[PDB]
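Here you get one chain, nothing else, as structure tokens; it is the form deposited without adenosine-5'-diphosphate.
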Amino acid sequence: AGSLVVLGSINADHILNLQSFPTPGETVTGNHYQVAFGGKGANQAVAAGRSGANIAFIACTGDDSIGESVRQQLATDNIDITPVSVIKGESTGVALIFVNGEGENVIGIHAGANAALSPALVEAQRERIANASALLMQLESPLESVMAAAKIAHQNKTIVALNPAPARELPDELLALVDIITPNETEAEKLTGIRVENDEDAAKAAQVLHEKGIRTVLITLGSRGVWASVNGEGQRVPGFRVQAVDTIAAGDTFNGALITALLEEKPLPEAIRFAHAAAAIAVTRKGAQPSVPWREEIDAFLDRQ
């Protein structure tokens, strides 16, 4: 399997379980409270590394205590943490999260040191990006830096995979550089104009992304699995019906695991299956990163399926 470069955020997640999300001006008393490692970059890097990829992670942490001890934690998840830089005089990105009784979540992030991952730090990782087979990125890092890395990857034939989350509009210059894009429906709407309630809407939205230059488009459809479209021809690949308890890092786990299977030369339908299996384990557990499965558990899940 070739090498994977993940580039994205690292956060300290502050998670509170409650019955129901507080409404404006209301104070709710929750139950469980947890401070754990998260971030869309870290979560995908962990999911890639635990499922078996040969992955290196480009990220910025602050020099607080949490920043200084997340690198050590990430190194045990089978991730080369050499390109994780420690920004002096800055704190680690933070996430404040509410997880309700039905298991949905609401998330508010504060960039912190994730904002210091710049085009200069990306430009120092040119060779790593150039030699990699894939580059996986999200939108919790500065847009300039996602654009700079996509550019180096594009020149050097490194697959560029982008999980466009959280939702935002992206300029065509970035979109043209992407090979694999994995939006959810809110995100596919925000990038193309097309609301996505079904497979016809999904095929509509995918065609706009094919129009922008993106060959492989995967639109996740919540409980309905994913709309997989490779330059036009597209179909639905359902996930595993499972008992959701904590749906945080489900998307992240799917993206990291997805790229691992593709770097092991698994056809796309099979890479999606494998990723769906990692996500299905992840959501039956709590917290972002802690719910991420190792390769032997993904296999076992698949063997019984």
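The first residue of the shown sequence is 1; numbering continues from there.
In what follows, reference is made to the form deposited with adenosine-5'-diphosphate bound, a form of this protein that is not presented.
Proximity to adenosine-5'-diphosphate in the deposited complex, defined as a heavy atom within 4.5 Å, holds among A279, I58, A261, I55 only for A279. Put simply, of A148, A203, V84, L221 only one has a heavy atom within 4.5 Å of adenosine-5'-diphosphate in the deposited complex, and it is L221. Checking 263-271, 241-249, 46-54, 65-73 against adenosine-5'-diphosphate in the deposited complex, the stretch whose residues place heavy atoms within 4.5 Å of it is 241-249.
In the deposited complex, adenosine-5'-diphosphate sits within 4.5 Å of a heavy atom of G225. When adenosine-5'-diphosphate is considered in the deposited complex, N184 lines it closely, a heavy atom lying within 4.5 Å.
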